[PDB]
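See below for the structure under consideration.
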Number of protein chains: 2
Amino acid sequence: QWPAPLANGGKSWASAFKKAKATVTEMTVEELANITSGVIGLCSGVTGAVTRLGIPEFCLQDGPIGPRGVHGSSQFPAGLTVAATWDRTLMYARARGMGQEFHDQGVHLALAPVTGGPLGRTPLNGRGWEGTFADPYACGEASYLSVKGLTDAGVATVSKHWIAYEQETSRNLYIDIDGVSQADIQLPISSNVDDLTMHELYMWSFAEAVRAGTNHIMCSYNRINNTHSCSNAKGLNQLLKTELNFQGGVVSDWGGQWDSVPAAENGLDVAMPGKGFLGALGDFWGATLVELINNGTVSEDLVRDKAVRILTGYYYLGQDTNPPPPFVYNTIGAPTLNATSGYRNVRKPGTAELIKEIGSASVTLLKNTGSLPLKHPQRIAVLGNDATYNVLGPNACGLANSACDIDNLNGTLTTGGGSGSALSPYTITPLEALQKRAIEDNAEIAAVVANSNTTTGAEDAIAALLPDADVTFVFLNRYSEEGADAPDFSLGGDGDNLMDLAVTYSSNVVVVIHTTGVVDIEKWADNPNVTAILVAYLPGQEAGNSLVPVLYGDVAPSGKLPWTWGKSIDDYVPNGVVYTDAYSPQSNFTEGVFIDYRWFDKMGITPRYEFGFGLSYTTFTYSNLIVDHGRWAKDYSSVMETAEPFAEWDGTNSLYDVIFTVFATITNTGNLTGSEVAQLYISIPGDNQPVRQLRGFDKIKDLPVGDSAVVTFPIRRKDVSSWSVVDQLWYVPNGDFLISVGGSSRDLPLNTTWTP
Amino acid sequence: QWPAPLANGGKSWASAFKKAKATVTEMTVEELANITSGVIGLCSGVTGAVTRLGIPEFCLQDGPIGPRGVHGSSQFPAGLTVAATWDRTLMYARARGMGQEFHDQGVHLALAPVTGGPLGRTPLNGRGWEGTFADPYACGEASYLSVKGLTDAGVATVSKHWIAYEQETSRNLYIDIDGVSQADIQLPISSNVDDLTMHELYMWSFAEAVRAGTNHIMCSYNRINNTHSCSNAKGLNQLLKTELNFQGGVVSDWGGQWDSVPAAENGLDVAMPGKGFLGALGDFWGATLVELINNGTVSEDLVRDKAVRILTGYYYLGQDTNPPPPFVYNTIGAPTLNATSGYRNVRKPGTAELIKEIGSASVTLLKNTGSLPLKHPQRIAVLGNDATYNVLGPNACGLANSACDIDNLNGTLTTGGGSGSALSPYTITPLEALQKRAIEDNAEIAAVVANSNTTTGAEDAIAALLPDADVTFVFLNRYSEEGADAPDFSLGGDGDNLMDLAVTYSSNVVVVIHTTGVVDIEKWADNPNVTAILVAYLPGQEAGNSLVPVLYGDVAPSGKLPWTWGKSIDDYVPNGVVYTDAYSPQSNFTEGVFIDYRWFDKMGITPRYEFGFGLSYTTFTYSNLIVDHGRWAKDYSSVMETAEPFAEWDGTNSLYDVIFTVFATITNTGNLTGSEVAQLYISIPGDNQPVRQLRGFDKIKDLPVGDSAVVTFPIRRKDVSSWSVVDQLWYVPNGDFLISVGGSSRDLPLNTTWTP
Ligand SMILES: CC(=O)O[C@@]12CO[C@@H]1C[C@H](O)[C@@]1(C)C(=O)[C@H](O)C3=C(C)[C@@H](OC(=O)[C@H](O)[C@@H](NC(=O)c4ccccc4)c4ccccc4)C[C@@](O)([C@@H](OC(=O)c4ccccc4)[C@H]21)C3(C)C
Ligand SMILES: CC(=O)O[C@@]12CO[C@@H]1C[C@H](O)[C@@]1(C)C(=O)[C@H](O)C3=C(C)[C@@H](OC(=O)[C@H](O)[C@@H](NC(=O)c4ccccc4)c4ccccc4)C[C@@](O)([C@@H](OC(=O)c4ccccc4)[C@H]21)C3(C)C
Ligand SMILES: *[C@@H]1O[C@H](CO)[C@@H](O[C@@H]2O[C@H](CO)[C@@H](O)[C@H](O)[C@H]2NC(C)=O)[C@H](O)[C@H]1NC(C)=O
Ligand SMILES: *[C@@H]1O[C@H](CO)[C@@H](O[C@@H]2O[C@H](CO)[C@@H](O)[C@H](O)[C@H]2NC(C)=O)[C@H](O)[C@H]1NC(C)=O
Ligand SMILES: *[C@@H]1O[C@H](CO)[C@@H](O[C@@H]2O[C@H](CO)[C@@H](O)[C@H](O)[C@H]2NC(C)=O)[C@H](O)[C@H]1NC(C)=O
Ligand SMILES: *[C@@H]1O[C@H](CO)[C@@H](O[C@@H]2O[C@H](CO)[C@@H](O)[C@H](O)[C@H]2NC(C)=O)[C@H](O)[C@H]1NC(C)=O
Ligand SMILES: *[C@@H]1O[C@H](CO)[C@@H](O[C@@H]2O[C@H](CO)[C@@H](O)[C@H](O)[C@H]2NC(C)=O)[C@H](O)[C@H]1NC(C)=O
Ligand SMILES: *[C@@H]1O[C@H](CO)[C@@H](O[C@@H]2O[C@H](CO)[C@@H](O)[C@H](O)[C@H]2NC(C)=O)[C@H](O)[C@H]1NC(C)=O
Ligand SMILES: CC(=O)N[C@H]1[C@H](O[C@@H]2[C@H](O)[C@@H](O)O[C@H](CO)[C@H]2O)O[C@H](CO)[C@@H](O)[C@@H]1O
Ligand SMILES: CC(=O)N[C@H]1[C@H](O[C@@H]2[C@H](O)[C@@H](O)O[C@H](CO)[C@H]2O)O[C@H](CO)[C@@H](O)[C@@H]1O
Ligand SMILES: CC(=O)N[C@@H]1[C@@H](O)[C@H](O)[C@@H](CO)O[C@H]1O
Ligand SMILES: CC(=O)N[C@@H]1[C@@H](O)[C@H](O)[C@@H](CO)O[C@H]1O
Ligand SMILES: *[C@@H]1O[C@H](CO)[C@@H](O)[C@H](O)[C@H]1NC(C)=O
Ligand SMILES: *[C@@H]1O[C@H](CO)[C@@H](O)[C@H](O)[C@H]1NC(C)=O
Ligand SMILES: *[C@@H]1O[C@H](CO)[C@@H](O)[C@H](O)[C@H]1NC(C)=O
Ligand SMILES: *[C@@H]1O[C@H](CO)[C@@H](O)[C@H](O)[C@H]1NC(C)=O
Ligand SMILES: OC[C@H]1O[C@@H](O)[C@H](O)[C@H]1O
Ligand SMILES: OC[C@H]1O[C@@H](O)[C@H](O)[C@H]1O
């Protein structure tokens with residue numbers, strides 16, 4: 001039903017396309033199959049060279065916190081962490097700093113960012129932390145800035161994972177290793193997604209990634225409507241390549257490809273990893289593709305378009321004129337690849353400070369009963385291994401932060417597990433930073449950082465230490481990892497046990513959570529002995545020194561939640577992860593657009609902490625909502641353009657034109673300076689529409705006591721539109737639109753109406 | 001044979017004595033027995049009050065690194081550590097800083113310093129680390145300065161332990177607890193010590209303590225010639241109170257007293273702890289003493305002299321006019337004493353910097369093959385739990401640093417175990433300090449700090465980490481404790497195992513030893529993969545930041561060994577610790593004056609590292625020895641004077657007159673600034689005399705490249721004398737005296753002769 005549309009180079013890539021087409025028109029069939037399937041090298045993926053035309057191998061490298069598996073680089077905080085800052089400037093700079101290091105390590109294509117897959121359908125998603133917000137609009141924006149950041153350095157982006165990749169359980173990558181094949185055990189989970197939900201929820205952040213100029217897109221492990229994402233014609237040829245007008249390459253996830261011909265015809269451009277990882281994850285193209293073209297079952301022209309889309313990026317970013325230096329690190333690992341590593345340091349001055357600032361900007365205050373900010377306590381207790389180093393070393397858990405023992409004391413959770421992680425040159429531990437500050441105050445400080453259930457004496461130590469303390473810091477964590485979902489919301493390690501002891505022996509307990517996602521603090525959150533609670537997410541290498549200034553009052557906490565914190569897992573969307581032995585496992589997205597806070601608001605469920613909630617050390621009063629109908633503007637900035645049909649289209653016009661801008665005022669109404677993240681939600685009228693939909697945020701910085709600032713919200717056409725499944729286009733529905741503004745999805749003291 | 005001589009107040013205490021005598025002449029018998037036996041309180045010992053005469057309870061408090069069992073204080077480095085600096089200025093300042101804190105915590109009498117018991121007869125002595133050098137002269141000097149330091153603050157000193165207390169094994173303190181009495185199992189080890197050895201070896205450092213004005217002296221647990229030290233008339237009434245003319249009090253060690261009448265007549269003044277510690281350690285005086293006086297078996301006058309000697313100190317230090325504040329801490333511990341603690345911070349600005357400076361001045365370089373000082377390594381590995389915190393907290397091992405489990409990862413060994421330890425407000429770990437410095441150099445750094453034998457993965461982690469490192473730091477330790485000797489010289493914990501792995505996977509291994517004494521590094525010391533070796537002893541709270549500047553070259557290492565480092569325990573004095581079940585265990589000091597280096601030199605044994613050995617980062621050339629016969633001076637300074645008979649005595653004259661001064665020159669002959677510790681040894685002629693005897697040291701500070709300085713050695717009469725057992729006096733023997741000067745007991749390039 002959907003033929004494969006040819007690349008034309010779209011907006012910004014027009015000249016790169018032309019050079020790309022020149023080069024591809026010279027290529028033989030043996031060379032087309034080379035560039036378009038992975039070969040063996042030091043990087044996660046490597047396209048074969050076209051050595052006669054002077055085109056080298058492309059290093060395709062993990063991952064969304066920066067080049068994975070290398071020394072000489074920095075461990076940036078995770079997508080989850082930057083989203084929690086709600087600060088567009090840090091979202092950009094994070095990505096640009098990642099890009100610099102990617103480039104300087106010799107990566108042509110970054111396997112990043114994660115731009116909407118997983119988006120957020122389960123809070124138990126094992127790799128959910130790799131993305132940003134559980135919300136199409138906010139994810140959309142963070143995705144735009146992350147892409148832009150990486151491309152503005154020399155690196156091509158492979159935005160991932162397209163699409164509806166919402167559980168790790170039964171993701172079932174193609175693998176055939178030691179005679180058992182995943183095709184023989186179980187098919188990948190089928191995400192069954194209606195057309196409205198696909199357009200309004202899952203496609204939104206990918207459109208943004210496409211607008212920002214992603215050079216490529218990774219197709220996911222899941223099947224969509226019982227068809228593999230990487231050979232889904234409706235997915236890749238229609239929705240991505242026609243409607244979103246995508247001009248770059250689809251890259252398979254590693255084992256994302258299940259067949260040769262359907263993938264060649266339904267939208268895949270690059271077979272990865274091909275000959276790498278021993279060919280264990282399927283090796284469907286290469287010489288098999290040459291043979292398919294020469295015997296005439298696969299169009300040679302079709303395959304030229306694949307090569308065209310791979311080279312467009314190469315030429316647009318100027319990788320011919322300004323090549324990256326050689327990649328020097330064995331990031332695959334022996335015995336799978338025996339090969340020696342060189343060494344390069346790419347840590348630039350500024351980067352460490354940026355990583356810190358992100359941490360200081362993200363850490364989210366969930367509860368404060370008066371214990372914070374700390375003045376100058378004299379006797380300080382610290383509990384939890386999370387407070388200090390991994391007992392085996394910061395990088396002991398290996399190339400993907402996932403090979404340490406089940407019970408190992410891993411230390412401060414600075415990134416999650418999997419392909420999304422990265423090595424660290426050190427960890428500034430929360431204990432080191434608390435101690436530095438205790439020393440300044442001539443105070444004492446003592447940590448119990450062992451396993452409190454299993455190490456002799458730990459329990460008695462904690463009993464002996466806590467009573468005399470002015471403050472007890474308890475550091476908790478929750479490791480999760482690619483390739484599995486969390487079974488429940490319960491804390492990692494000895495966390496529950498720590499918290500029972502802590503509140504048994506101290507009435508001034510301050511809780512800090514390093515985590516990949518929501519966790520169960522129900523037993524203690526309303527204990528008055530727990531005086532304060534903060535989530536620091538995954539702060540990367542600067543964990544301790546980003547946190548302590550916030551604790552001590554040097555800066556007010558300013559982060560707010562990028563997803564919903566429900567009291568129980570039962571309060572979320574049902575069937576968030578499906579567990580079957582069924583050969584063809586199915587996940588029917590019956591919830592529709594209603595994920596995260598949309599689920600909560602539609603069904604009248606009260607979270608513990610809502611989407612976009614965060615405490616400061618001061619308060620903010622909202623006033624003087626203004627809807628400026630006259631403050632509208634054309635769509636100029638975008639690197640690339642989509643072809644999303646929409647009803648109001650004429651010759652010169654766009655779905656991303658700003659049709660009005662909204663203003664409001666905040667006043668710092670408390671007794672301290674703070675920054676505030678203002679949020680704007682629109683209720684679009686219609687049948688089965690969410691109560692509220694986030695369509696703007698804006699972060700006021702360091703607003704002094706009693707001062708005021710205006711907060712500004714440009715609204716796009718798309719931002720007020722619905723998808724018509726009958727007409728197959730975006731339209732702006734007739735009706736009354738509620739527009740609300742405030743500190744969170746549930747603290748919105750200003751509202752007005754807008755009718756089109 | 002030896003009657004108890006009456007106090008007269010000697011030199012400096014004459015006016016205190018008079019006030020003391022006034023007060024005691026008013027006292028009833030019930031009051032004399034009160035002041036003179038211990039009662040229940042918050043301090044290690046407490047004398048009863050004389051409330052009618054306005055005399056309060058005296059807090060007697062542990063210990064030789066500063067007030068034990070308190071919060072709000074600093075953990076000073078140990079006696080062993082300060083001795084290794086060989087710097088008289090730091091020996092003084094250490095003690096004065098301790099004294100300040102003692103005073104400010106409300107201690108009247110400090111159970112410190114350790115001034116010659118144990119001196120050094122075994123290298124396995126479990127509490128050997130509490131003293132200073134294994135050498136009478138050097139110990140003597142450190143003892144003088146330590147006493148002086150504490151008394152110049154408001155605190156009375158209880159110098160310990162008198163005398164020949166040279167093993168912990170069978171020390172057998174009197175205890176009777178739950179119906180088993182130590183009197184029923186085994187008598188204390190009998191130190192059997194000839195008269196020459198007692199005078200020339202064991203009494204020397206106590207004479208110095210007495211000269212410096214110790215207010216009191218603790219009598220030891222051991223027996224001497226099968227008589228309890230605390231009821232030994234020859235010991236306390238003759239040698240201490242007559243010959244050394246001691247004017248202050250003998251205090252029993254806790255369980256040091258075994259009887260009522262002999263102790264009252266043979267020289268004991270204070271029964272400790274009396275009613276404290278449940279009376280479990282003997283309670284021989286109190287009401288029993290009142291009953292002994294009133295029935296006329298103990299002279300009332302004798303007991304008045306006891307009270308006189310206790311009050312002299314009280315009045316001399318001005319504890320009436322300027323009382324210490326209240327002692328506020330329960331340092332005994334529940335259930336033995338149920339009582340609540342208050343809080344006081346006495347940490348003065350300067351103290352932390354002094355503690356650091358001592359560390360930086362003591363750490364001793366034993367081997368350096370070119371790896372030190374470090375330039376700017378980029379990849380740094382660290383091994384050993386000693387590198388980081390105690391996993392249970394710095395103070396988890398309790399009031400005497402000795403209650404943690406046998407296998408517990410205690411972290412950096414900053415002090416030893418027992419009554420000599422102290423709490424710590426923090427520990428600046430070697431890892432923290434190495435990391436700070438790595439960060440400055442844009443480098444990476446990773447530690448494996450778990451148990452390398454028992455924790456899953458640790459071995460693989462170390463294999464994966466070490467090969468790529470520029471440098472591997474391995475941190476080793478050896479805990480020892482009061483009440484036991486070390487069984488052998490072998491490293492604590494996983495140390496052996498660490499070192500096998502380290503040299504298996506790295507050829508640039510730098511070893512740092514935190515320890516209470518000599519340890520066995522024989523298997524690795526000549527491995528060329530071990531590029532450098534340093535012993536940091538017990539640095540107290542500032543371990544990491546005192547060490548790292550030395551490693552990185554900011555200051556050249558300047559410490560030298562305060563004892564001998566033999567290749568095997570068999571190379572030391574035989575029968576260093578006697579192990580019997582024999583009811584009356586015996587230790588016959590047949591070696592004589594020949595302990596530590598004297599044993600080694602007399603028998604032609606080559607240590608690995610000799611007494612007074614230490615490497616710098618530069619070299620020193622010695623020249624131009626001068627013996628100035630005309631540079632002599634009277635004995636003015638001493639706070640108190642002894643009555644040691646000596647042959648050359650006339651009316652006005654003294655054993656501590658300087659009879660000549662010796663000079664030499666050092667030149668910094670290498671390529672860096674360094675400090676040098678010059679040593680002077682005299683060979684006194686006679687029958688069975690040591691090859692060499694240390695009689696001077698002098699530390700030149702920060703001598704620039706190619707510059708020179710004179711090093712100066714005043715020699716006392718006593719310094720050239722022998723004890724005549726026939727005549728019972730100190731005499732200067734006729735004969736030829738060799739005088740040698742140089743960098744160590746075995747690197748003495750200058751020598752001359754002196755004849756009297
Ligand atoms: C299954 C898989 O995802 O493999 C890859 C290799 O390319 C894939 C991309 C992936 O991002 C990458 C690089 C990762 O970074 C993952 O975080 C990652 C994994 C998720 C992990 O894969 C798993 O845990 C699989 O569930 C696990 N699967 C199975 O054991 C399995 C075998 C037969 C049938 C069905 C399943 C597996 C373990 C070890 C090797 C291969 C497969 C292997 C892997 O070593 C890593 O795997 C290898 O390095 C590797 C794979 C095959 C052969 C040789 C090496 C992994 C790490 C780094 C730990
Ligand atoms: C035996 C002894 O030295 O006791 C004292 C109490 O005053 C002594 C002075 C000593 O310096 C002091 C304070 C210490 O600081 C020691 O480091 C110290 C010890 C060496 C230790 O003593 C021992 O380990 C003994 O070998 C051990 N001895 C025996 O178990 C024993 C019993 C009967 C016959 C023969 C031997 C012991 C353990 C616990 C209580 C009493 C005795 C007890 C003690 O708790 C500490 O002991 C107590 O606090 C205590 C003693 C008796 C009753 C109640 C409390 C210890 C510490 C702090 C651990
Ligand atoms: C297909 O790709 C391979 C792998 O990139 C090319 O072989 C490499 O070519 C480079 C130069 O581009 C050589 O330095 C390497 O030695 C080659 N590697 C290996 C493993 O052989 C190969 O030339 C490409 N084929 C064609 C037809 O261009
Ligand atoms: C997956 O299945 C859904 C459900 O059938 C598809 O939804 C239909 O899409 C067409 C246009 O493609 C519309 O005219 C129908 O009315 C849609 N139905 C619903 C219920 O939404 C969806 O497009 C399929 N997606 C893929 C990727 O195959
Ligand atoms: C420390 O990290 C390791 C991985 O490096 C964690 O071990 C994995 O935990 C998951 C559960 O999320 C299991 O499904 C895996 O099988 C474990 N991996 C291995 C290799 O055993 C470990 O849970 C972390 N430590 C703590 C205390 O959470
Ligand atoms: C013997 O000493 C005891 C203990 O120090 C004296 O009793 C204490 O006296 C102080 C004042 O000096 C009181 O505040 C305490 O309440 C007393 N403590 C106890 C436990 O009773 C006692 O007075 C002294 N006896 C004589 C005769 O002076
Ligand atoms: C312990 O025993 C030794 C050995 O008998 C005593 O040494 C004698 O001391 C007297 C003077 O007190 C001399 O005249 C003897 O010649 C000494 N003999 C030796 C072999 O040195 C020693 O004084 C005794 N010490 C104590 C503390 O009792
Ligand atoms: C950590 O310190 C503890 C004491 O706080 C050490 O345990 C003692 O070790 C000695 C041997 O020197 C035994 O005789 C004692 O019985 C032990 N004490 C207890 C209470 O069990 C321990 O050895 C130290 N840890 C390491 C690794 O050396
Ligand atoms: C606007 C919209 O979402 N409409 C419905 C849609 O159902 C489609 C649609 O009515 C039309 O194209 O015909 C088919 C075939 O009978 C029908 O399935 O999508 C949802 C289903 O999830 C409907 O409930 C909507 O009302
Ligand atoms: C100077 C000296 O040490 N002399 C000897 C001493 O032995 C004594 C001494 O000879 C004299 O007082 O008489 C008694 C009794 O016969 C004798 O023991 O000490 C040592 C013993 O350790 C002798 O070997 C010395 O020669
Ligand atoms: C336009 C498109 O791509 N898809 C279909 C098309 O079959 C139909 O003719 C159109 C009416 O405009 O409605 C959509 O359901
Ligand atoms: C003086 C002294 O205290 N002790 C004795 C003494 O018995 C003897 O008369 C004297 C000769 O001067 O020799 C010592 O052995
Ligand atoms: C790497 O070397 C190991 C032996 O150490 C061997 O098992 C393996 O075959 C090698 N790997 C490859 C891909 O050849
Ligand atoms: C709070 O802590 C105190 C100890 O400070 C304890 O006695 C009390 O039971 C605790 N309260 C709760 C609700 O846990
Ligand atoms: C201290 O209290 C405990 C009970 O917790 C008791 O066993 C003991 O008798 C008390 N100690 C003293 C010396 O009275
Ligand atoms: C020194 O280390 C290397 C690894 O760098 C190892 O191969 C060699 O066996 C080691 N030598 C000794 C003497 O331990
Ligand atoms: O780059 C991350 C993705 O690419 C590969 O490494 C894996 O297939 C995914 O986890
Ligand atoms: O002060 C130390 C000494 O005093 C008491 O605490 C014990 O008897 C000895 O170890």
Side-chain angles (χ1 to χ4, degrees), chain A residues 80-81 84 359-360 362-374 377 379-388 411-414 429-431 433-434 437 445-449 451-453 462 465-467 469-479 489-539 543-544 546-553 556-561 565-567 607-609 613-617:
Chain A
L80 163 62
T81 312
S360 283
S362 48
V363 45
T364 295
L365 183 61
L366 303 170
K367 177 187 189 189
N368 182 19
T369 226
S371 64
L372 301 190
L374 299 161
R379 320 176 70 172
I380 293 141
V382 182
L383 263 46
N385 91 92
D386 186 51
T388 192
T412 309
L413 193 64
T414 60
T429 73
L431 178 58
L434 283 164
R437 198 81 188 217
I445 181 164
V448 175
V449 304
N451 191 309
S452 67
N453 190 12
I462 294 171
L465 182 65
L466 263 55
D470 295 315
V471 57
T472 304
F473 291 107
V474 180
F475 285 96
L476 296 175
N477 64 28
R478 211 291 308 280
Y479 179 84
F489 286 161
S490 59
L491 294 166
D494 70 339
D496 289 354
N497 189 51
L498 291 182
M499 286 277 80
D500 286 338
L501 298 173
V503 306
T504 298
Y505 301 105
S506 178
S507 36
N508 190 34
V509 179
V510 172
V511 181
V512 184
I513 302 169
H514 295 275
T515 186
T516 55
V518 171
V519 302
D520 184 357
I521 53 174
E522 291 301 301
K523 196 180 171 119
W524 322 279
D526 306 313
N527 194 321
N529 287 355
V530 181
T531 60
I533 308 178
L534 297 91
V535 56
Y537 313 89
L538 305 173
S546 72
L547 168 68
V548 168
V550 177
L551 291 180
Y552 272 87
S558 195
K560 309 191 173 180
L561 289 188
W565 195 302
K567 288 198 176 169
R608 183 150 230 110
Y609 316 116
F613 176 74
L615 289 182
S616 179
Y617 289 154

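Order of the sequence lines fixes the chain letters, A, B, ..., with proteins taken first and strands second; residue numbering starts at 1 for each chain. Quick note: numbers below take in every heavy atom, side chains included, and nothing from hydrogens, waters or symmetry partners.
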Taking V449(A)'s backbone N and O only, do any of them form a donor-acceptor pair with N385(A)'s side chain (distance below 3.5 Å, no angle check)?
no
For the CG atom of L466(A) and the OG1 atom of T504(A), what is their distance to the nearest 0.5 Å?
9.5 Å
Kindly say whether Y479(A) contributes a backbone atom to a donor-acceptor pair with the side chain of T516(A) at under 3.5 angstrom?
no
Considering non-hydrogen atoms only, spot the tightest contact between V363(A) and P557(A) and give its length.
O-CB, 4.0 Å
Check ion pair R608(A)-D526(A) (N to O, under 4.0 angstrom):
yes
Just by modelled atom types, is the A532(A) backbone N or O under 3.5 Å from a matching donor or acceptor in the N368(A) side chain?
no
Passes side chain to side chain contact (heavy atoms under 4.5 Å, CB included), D500(A) versus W524(A)? Steps please.
CA-CA 8 Å; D500(A) 286 338; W524(A) 322 279; 2.7 Å; yes
Side chains of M499(A) and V474(A) in contact at under 4.5 Å (non-hydrogen atoms)
yes
Side chain to side chain contact (heavy atoms under 4.5 Å, CB included) between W565(A) and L366(A): does it pass, once the steps are laid out?
CA-CA 10 Å; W565(A) 195 302; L366(A) 303 170; 3.9 Å; yes
Between CG on residue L431(A) and CD1 on residue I445(A), distance to nearest 0.5 Å
5.5 Å
Evaluation steps, side chain to side chain contact (heavy atoms under 4.5 Å, CB included), between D520(A) and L491(A)
CA-CA 7 Å; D520(A) 184 357; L491(A) 294 166; 6.0 Å; no
Flag the pair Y552(A) / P373(A) as yes when at least one side-chain heavy-atom distance between them is below 4.5 Å, and no otherwise.
no
Verify, without hydrogens or angle tests, whether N529(A) (side chain) and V509(A) (backbone) share a donor-acceptor contact under 3.5 angstrom.
no
Looking at side-chain heavy atoms only, is the closest gap between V519(A) and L476(A) below 4.5 Å?
no
Gap separating the OG1 atom of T472(A) from the CG atom of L501(A), nearest 0.5 angstrom:
11.5 Å
Test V510(A) against every option in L372(A), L374(A), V530(A) by the side-chain contact (heavy atoms from CB on, under 4.5 Å) rule and name the one that passes.
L372(A)
Using side-chain contact (heavy atoms from CB on, under 4.5 Å) as the criterion, point out the one residue from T81(A), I533(A), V535(A) that pairs with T364(A).
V535(A)
I'd like to know if the side chain of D494(A) and the backbone of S452(A) have a donor-acceptor N/O pair within less than 3.5 Å.
yes
Could you tell me how the ring of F475(A) sits relative to the ring of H514(A): parallel (under 30°), tilted (30 to 60°) or perpendicular (over 60°)?
parallel
Measuring only between side-chain heavy atoms, which start at C-beta, is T412(A) closer than 4.5 Å to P430(A)?
yes
Between the CG atom in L561(A) and the OG atom in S362(A), the distance rounded to the nearest 0.5 Å is 11.5 Å
Heavy-atom side-chain contact between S506(A) and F473(A) under 4.5 Å
no
Distance-only polar pair, side chains of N508(A) and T531(A), donor-acceptor under 3.5 Å
yes
Enter the distance from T388(A):OG1 to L434(A):CG here, rounded to the nearest 0.5 Å.
11.0 Å
Spacing of CD1 belonging to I521(A) relative to CG belonging to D496(A), to within rounding of 0.5 Å
11.5 Å
